[PDB]
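First up is the structure itself, then whatever we jot down about it.
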Amino acid sequence: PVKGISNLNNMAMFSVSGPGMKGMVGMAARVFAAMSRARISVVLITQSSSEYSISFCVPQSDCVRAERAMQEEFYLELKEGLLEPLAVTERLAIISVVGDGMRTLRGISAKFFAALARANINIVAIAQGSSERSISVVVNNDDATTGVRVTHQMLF
Amino acid sequence: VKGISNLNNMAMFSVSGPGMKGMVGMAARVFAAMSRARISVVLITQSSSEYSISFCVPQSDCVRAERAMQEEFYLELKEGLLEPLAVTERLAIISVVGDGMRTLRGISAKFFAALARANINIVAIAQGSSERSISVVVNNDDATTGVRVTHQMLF
């Protein structure tokens, strides 16, 4: 019941964290207001708990403008250490599997990750929302096509 | 835009530990164990450099999913390669679905702005790249307000 496998290459991932971040109001709202003003395409956003970093992906072509905008928006917090230094990881890619609806993603998730793990492809981040039946994984850009191939063999 | 939706009575599991960065296949093991248990995983997020994984299940599946995790990771938990499983109950997932353009630019900003204005704490976020939709995990107590205020902003 798989729809398709998609890949977006040449992405960069930002990760914002800090000891204060659990205690600060509207941190995601500020991050994404800053990206919106800078006209930056935020393709993936993930935060696994209030204590862990907010991570988000942008196309590599937007990476320098996004970093400058993040440094501007969080200047005070960074200088004071409420936020740890911004983490920027370049040369990434996003592989996604699209279901045909929600129900059958159970076997699909297990199979998707099993294929990547068999290929020894490191997963840098994961995002699956509750509305679309689709799972996105962030990998190193050099692994993108191999990741599509092994996922395709497993699922089709 | 296309809609604002709500799932109540969710539980969120978080799997964390030194072994998450450097052991092969940890997400594969988590989701094989959920699959063997016939437990639908409605949300997944992994965001930190320490590679902790969080995922949500319906509250009715919480006891069986906890047992499946304890069985799959029995040896890593005993060795301390994984820290004790974290389990948060009484959660809701609010999702916004947009149209076909990269509209989440204005959408994701305003959605998070509406929740912050309402003083609604965010428990987890997941937005994949293939859908124009964004899901946010909140306390179940805040779900009805969170939806009302995100309707007000984005409509």
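Residue numbers start at 1 in each chain; chains themselves are named A, B, ... in the order of the structure tokens; ligands are numbered from 1 in the order shown.
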Residues within 9 Å of range 107-109 of chain A, please, as a short mmCIF file (atom, residue, chain, number, x, y, z; two decimals) with N, CA and C atoms, in the first residue's frame. Count only C-alpha atoms; anything in the same chain fewer than 3 positions from it doesn't count.
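This is the output file part.cif:
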```cif
data_model
loop_
_atom_site.label_atom_id
_atom_site.label_comp_id
_atom_site.auth_asym_id
_atom_site.auth_seq_id
_atom_site.Cartn_x
_atom_site.Cartn_y
_atom_site.Cartn_z
N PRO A 1 0.82 -1.22 0.00
CA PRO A 1 0.00 0.00 0.00
C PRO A 1 0.85 1.27 0.00
N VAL A 2 2.01 1.21 -0.65
CA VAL A 2 2.93 2.34 -0.73
C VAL A 2 2.55 3.21 -1.90
N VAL A 97 8.84 8.40 2.33
CA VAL A 97 7.89 7.47 1.78
C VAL A 97 6.52 8.03 2.00
N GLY A 99 2.55 7.06 1.93
CA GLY A 99 1.52 6.04 1.89
C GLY A 99 0.33 6.50 1.08
N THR A 104 -1.87 1.77 6.85
CA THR A 104 -0.85 0.75 6.58
C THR A 104 0.58 1.22 6.81
N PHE A 112 10.73 0.54 5.93
CA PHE A 112 11.55 1.68 5.52
C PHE A 112 12.81 1.74 6.37
N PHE A 113 12.66 1.73 7.70
CA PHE A 113 13.85 1.85 8.52
C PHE A 113 14.72 0.60 8.41
N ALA A 114 14.11 -0.58 8.25
CA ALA A 114 14.92 -1.80 8.09
C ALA A 114 15.80 -1.73 6.84
N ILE A 135 6.52 9.58 5.86
CA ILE A 135 7.62 9.61 6.81
C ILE A 135 8.82 10.17 6.08
N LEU A 155 10.17 -2.00 -0.81
CA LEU A 155 8.75 -1.65 -0.84
C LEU A 155 8.06 -1.93 -2.17
N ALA B 28 14.91 1.28 13.39
CA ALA B 28 14.36 0.05 12.83
C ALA B 28 13.84 -0.90 13.92
N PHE B 31 10.47 0.45 15.54
CA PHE B 31 9.26 0.34 14.74
C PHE B 31 8.95 -1.10 14.30
N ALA B 32 9.96 -2.00 14.23
CA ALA B 32 9.66 -3.43 14.14
C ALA B 32 8.91 -3.92 15.38
N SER B 35 5.42 -2.70 15.16
CA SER B 35 4.75 -3.47 14.11
C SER B 35 4.37 -4.87 14.58
N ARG B 36 5.29 -5.57 15.28
CA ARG B 36 4.96 -6.91 15.79
C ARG B 36 3.81 -6.83 16.79
N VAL B 41 1.62 3.74 14.96
CA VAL B 41 2.46 4.85 15.38
C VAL B 41 1.98 6.07 14.62
#
```
Please return, as an mmCIF file with C-alpha atoms, in the first residue's frame, all residues of chain B lying within 8 Å of chain A when only C-alpha atoms are considered.
```
data_model
loop_
_atom_site.group_PDB
_atom_site.id
_atom_site.type_symbol
_atom_site.label_atom_id
_atom_site.label_comp_id
_atom_site.auth_asym_id
_atom_site.auth_seq_id
_atom_site.Cartn_x
_atom_site.Cartn_y
_atom_site.Cartn_z
ATOM 1 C CA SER B 14 10.831 8.846 24.195
ATOM 2 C CA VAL B 24 22.988 0.505 14.185
ATOM 3 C CA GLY B 25 19.303 0.227 13.494
ATOM 4 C CA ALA B 27 14.775 3.277 14.826
ATOM 5 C CA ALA B 28 14.362 0.046 12.833
ATOM 6 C CA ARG B 29 14.133 -1.905 16.134
ATOM 7 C CA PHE B 31 9.263 0.341 14.736
ATOM 8 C CA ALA B 32 9.657 -3.429 14.136
ATOM 9 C CA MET B 34 5.602 -1.632 17.338
ATOM 10 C CA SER B 35 4.753 -3.473 14.107
ATOM 11 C CA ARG B 38 0.161 -4.287 15.916
ATOM 12 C CA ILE B 39 0.426 -0.776 17.381
ATOM 13 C CA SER B 40 -0.212 2.163 15.062
ATOM 14 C CA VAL B 41 2.460 4.848 15.379
ATOM 15 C CA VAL B 42 0.783 8.143 14.585
ATOM 16 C CA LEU B 43 3.749 10.543 14.971
ATOM 17 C CA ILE B 44 7.533 10.165 14.926
ATOM 18 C CA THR B 45 10.215 12.757 15.675
ATOM 19 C CA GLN B 46 13.998 12.605 16.025
ATOM 20 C CA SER B 47 15.673 16.004 16.292
ATOM 21 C CA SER B 48 18.695 16.151 18.556
ATOM 22 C CA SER B 49 22.353 15.408 18.013
ATOM 23 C CA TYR B 51 19.417 10.952 18.412
ATOM 24 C CA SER B 52 16.612 10.494 20.925
ATOM 25 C CA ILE B 53 13.405 9.224 19.193
ATOM 26 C CA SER B 54 9.912 10.193 20.305
ATOM 27 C CA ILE B 93 -1.949 16.270 18.506
ATOM 28 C CA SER B 95 -2.384 19.375 12.879
ATOM 29 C CA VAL B 97 -3.075 21.028 6.570
ATOM 30 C CA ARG B 102 5.001 26.158 0.197
ATOM 31 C CA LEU B 104 3.691 26.752 5.578
ATOM 32 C CA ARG B 105 6.005 29.790 5.337
ATOM 33 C CA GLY B 106 3.226 32.066 6.532
ATOM 34 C CA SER B 108 3.838 27.522 10.298
ATOM 35 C CA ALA B 109 4.863 30.939 11.636
ATOM 36 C CA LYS B 110 1.274 31.991 12.399
ATOM 37 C CA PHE B 111 0.279 28.567 13.769
ATOM 38 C CA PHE B 112 3.155 28.683 16.297
ATOM 39 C CA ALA B 113 2.393 32.361 16.962
ATOM 40 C CA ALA B 116 2.367 30.985 21.905
ATOM 41 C CA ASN B 119 0.397 30.255 26.344
ATOM 42 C CA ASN B 121 3.243 24.626 25.779
ATOM 43 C CA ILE B 122 4.562 22.557 22.852
ATOM 44 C CA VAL B 123 5.509 18.954 23.727
ATOM 45 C CA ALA B 124 6.850 17.896 20.249
ATOM 46 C CA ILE B 125 6.728 19.001 16.618
ATOM 47 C CA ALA B 126 6.705 17.004 13.377
ATOM 48 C CA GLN B 127 6.512 18.366 9.821
ATOM 49 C CA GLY B 128 7.653 16.068 7.032
ATOM 50 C CA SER B 129 8.776 17.300 3.657
ATOM 51 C CA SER B 130 6.215 15.512 1.459
ATOM 52 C CA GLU B 131 3.070 16.934 2.996
ATOM 53 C CA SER B 133 1.037 19.739 7.056
ATOM 54 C CA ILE B 134 2.486 20.267 10.479
ATOM 55 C CA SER B 135 1.623 18.383 13.677
#
```
Find the residues around residue 88 in chain A up to 9 Å (only C-alpha atoms counted), leave out those fewer than 2 positions away in its own chain, and share them as a PDB file with N, CA and C atoms, in the first residue's frame.
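The new file result_7.pdb reads:
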```pdb
ATOM      1  N   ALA A  12      20.298  21.591   4.082  1.00  0.00           N
ATOM      2  CA  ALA A  12      21.090  21.883   5.282  1.00  0.00           C
ATOM      3  C   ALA A  12      20.130  21.810   6.454  1.00  0.00           C
ATOM      4  N   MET A  13      20.616  21.368   7.609  1.00  0.00           N
ATOM      5  CA  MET A  13      19.754  21.252   8.790  1.00  0.00           C
ATOM      6  C   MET A  13      20.295  22.177   9.878  1.00  0.00           C
ATOM      7  N   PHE A  14      19.417  22.946  10.503  1.00  0.00           N
ATOM      8  CA  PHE A  14      19.746  23.787  11.648  1.00  0.00           C
ATOM      9  C   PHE A  14      19.194  23.140  12.904  1.00  0.00           C
ATOM     10  N   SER A  15      19.908  23.259  14.023  1.00  0.00           N
ATOM     11  CA  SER A  15      19.407  22.705  15.275  1.00  0.00           C
ATOM     12  C   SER A  15      19.662  23.731  16.360  1.00  0.00           C
ATOM     13  N   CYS A  63      21.061  28.483   2.998  1.00  0.00           N
ATOM     14  CA  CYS A  63      21.699  28.195   4.290  1.00  0.00           C
ATOM     15  C   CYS A  63      22.362  29.442   4.887  1.00  0.00           C
ATOM     16  N   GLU A  67      21.197  31.260   8.360  1.00  0.00           N
ATOM     17  CA  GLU A  67      22.092  31.380   9.505  1.00  0.00           C
ATOM     18  C   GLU A  67      22.199  32.831   9.954  1.00  0.00           C
ATOM     19  N   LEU A  86      24.390  27.855  17.616  1.00  0.00           N
ATOM     20  CA  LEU A  86      23.566  27.253  16.576  1.00  0.00           C
ATOM     21  C   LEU A  86      24.329  26.117  15.917  1.00  0.00           C
ATOM     22  N   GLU A  90      25.490  20.714   6.948  1.00  0.00           N
ATOM     23  CA  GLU A  90      25.285  20.852   5.523  1.00  0.00           C
ATOM     24  C   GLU A  90      25.421  19.517   4.811  1.00  0.00           C
TER      25      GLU A  90
END
```
| request: Find the spatial neighbours of residue 147 in chain B, counting only C-alpha atoms, within a cut-off of 9 Å - ignore same-chain residues fewer than 2 positions away - and output them as an MDAnalysis selection string. | output: chainID B and resid 4:6 94:95 115 142:145 149:152
How would the residues just picked look written out with C-alpha atoms as a short mmCIF file (atom, residue, chain, number, x, y, z; two decimals), in the first residue's frame?
```
data_model
loop_
_atom_site.label_atom_id
_atom_site.label_comp_id
_atom_site.auth_asym_id
_atom_site.auth_seq_id
_atom_site.Cartn_x
_atom_site.Cartn_y
_atom_site.Cartn_z
CA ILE B 4 -7.15 22.15 11.42
CA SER B 5 -7.51 18.71 13.03
CA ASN B 6 -7.17 17.23 16.48
CA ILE B 94 -3.09 19.41 16.63
CA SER B 95 -2.38 19.37 12.88
CA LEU B 115 -0.25 28.77 20.24
CA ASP B 142 -5.05 22.61 25.83
CA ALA B 143 -6.35 20.88 22.67
CA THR B 144 -9.71 22.64 22.30
CA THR B 145 -8.19 26.09 22.92
CA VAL B 149 -6.95 29.99 18.39
CA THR B 150 -5.27 28.44 15.37
CA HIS B 151 -8.57 28.68 13.50
CA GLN B 152 -8.79 32.39 14.41
#
```
| message | as an NGL selection string, please: every residue in range 5-87 of chain A that DSSP puts in helix (DSSP H, G or I). | response | :A and (27-37 or 60-73 or 75-80)
Generate a file of the selected residues that holds C-alpha atoms, formatted as a CSV table (one decimal), in the first residue's frame.
```csv
chain,number,residue,atom,x,y,z
A,27,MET,CA,10.8,29.6,20.6
A,28,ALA,CA,9.5,27.8,17.6
A,29,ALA,CA,7.3,30.8,16.8
A,30,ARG,CA,10.4,33.0,16.8
A,31,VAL,CA,12.4,30.6,14.7
A,32,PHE,CA,9.8,30.4,12.0
A,33,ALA,CA,8.9,34.1,12.1
A,34,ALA,CA,12.6,34.7,11.4
A,35,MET,CA,12.6,32.2,8.5
A,36,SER,CA,9.4,33.7,7.1
A,37,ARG,CA,10.8,37.3,7.0
A,60,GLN,CA,21.4,24.6,0.8
A,61,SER,CA,21.0,27.7,-1.4
A,62,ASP,CA,19.2,29.3,1.6
A,63,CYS,CA,21.7,28.2,4.3
A,64,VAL,CA,23.8,31.4,4.6
A,65,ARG,CA,20.7,33.7,4.7
A,66,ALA,CA,19.0,31.4,7.3
A,67,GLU,CA,22.1,31.4,9.5
A,68,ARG,CA,22.4,35.2,9.4
A,69,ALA,CA,18.7,35.5,10.2
A,70,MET,CA,19.0,33.0,13.1
A,71,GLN,CA,22.0,34.9,14.5
A,72,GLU,CA,20.1,38.2,14.4
A,73,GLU,CA,16.9,36.9,15.9
A,75,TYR,CA,21.6,37.4,19.3
A,76,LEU,CA,20.7,38.1,23.0
A,77,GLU,CA,20.0,34.5,23.9
A,78,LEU,CA,23.1,33.2,22.2
A,79,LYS,CA,25.4,35.9,23.8
A,80,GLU,CA,24.0,35.1,27.3
```
| request: Using CA of residue 62 in chain B and CA of residue 33 in chain B as the two end points, give the distance in Å to one decimal. | output: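 CA of residue 33 in chain B lies 13.4 Å from CA of residue 62 in chain B.
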| field | Among the residues A:153, A:89, A:141, A:146, the one that comes closest to residue 9 in chain A [using only C-alpha atoms] | value |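 Smallest distance to residue 9 in chain A is found for A:141.
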| request: Using CA of residue 90 in chain B and CA of residue 59 in chain B as the two end points, give the distance in Å to one decimal. | output: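 One can read the CA of residue 90 in chain B to CA of residue 59 in chain B distance as 7.6 Å.
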| field | Pairwise distance for CA of residue 82 in chain A and CA of residue 50 in chain B, rounded to one decimal in Å | value |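 Between CA of residue 82 in chain A and CA of residue 50 in chain B the gap is 19.2 Å.
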| field | Which residue of B:19, B:154, B:12, B:64 approaches residue 107 in chain B most closely, using only C-alpha atoms | value | B:154
| remark: One residue among B:69, B:56, B:86, B:96 is nearest to residue 9 in chain B when using only C-alpha atoms, and that residue is B:56
